[PDB]
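Below, in structure tokens: the form deposited in one PDB entry, a single chain.
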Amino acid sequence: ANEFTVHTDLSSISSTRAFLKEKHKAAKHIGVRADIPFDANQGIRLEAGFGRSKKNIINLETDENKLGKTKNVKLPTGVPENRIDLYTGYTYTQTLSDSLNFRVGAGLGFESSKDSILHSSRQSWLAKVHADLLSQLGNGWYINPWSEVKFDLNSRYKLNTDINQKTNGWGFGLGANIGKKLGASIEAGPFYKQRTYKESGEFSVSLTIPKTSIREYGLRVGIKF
């Protein structure tokens, strides 16, 4: 059977780059997923999602700062950011037991993010592999632990200075949804995601784009038709 999920996330996102931290507020995301079987085991997965937050850029703490003896210059607050994600891939699913199903897939994806202070953009074409276990608990209840890993094939950092440099990286996500059939199913659960973009090669003033690391903790809630 075809399965379609619409979901929404509430999350805490933080990022570190060079000597700075970026903390997000009002981080929200909406997305959809379609798992479409073609035979007993093979299928296709399609995903699309849209996210938004506002971020404050802050310095890393030092004892000199805590002591008085220096003072941090003011940095931007309430910086808006928008994100989109898309994914299409092959899936293979099989039964491990009468109450346990195991699904694995791989495919191609796109991610982008844009902020405004000055616009910075990150656009990434990537490959993604994912695996998840669906375990029946009885009475229509289930648990669904999942994992996914992303690898950039062509990730570009853009800056309306203009700058457009390649910054390939990778990322991984892990979570687990607890769900219940309503006759449709409702599910909810925690997730963790991490994304790293490497420092770019030297480009011409000689510069690099600093290494960026993003970490995200959240709760996802979904309706599975």
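We call the rigid core the largest set of C-alpha positions that still match within 1.5 Å between the two forms. Numbers follow the displayed sequence, beginning with 1.
Omitted here: the form deposited in another entry. The next part is about that form.
When the two forms are overlaid on the rigid core, CA displacement between the shown form and the other one of 2 Å or more is confined, within 77, 136, 94, 154, to 77. In a rigid-core overlay of the protein, residue 194 has its C-alpha displaced by under 2 Å between the shown form and the other one.
Once the rigid core is used as the reference frame, the Cα position of residue 58 differs between the shown form and the other one by 2 Å or more. Fitting the two forms on the rigid core leaves the C-alpha of residue 9 displaced by under 2 angstroms between the shown form and the other one.
Expansion of the residue 22-residue 86 CA spacing by 3 Å or more is recorded in the other entry, set against this form.
In the other entry, the Cα atoms of residue 77 and residue 15 sit 3 Å or more nearer to each other than they do here.
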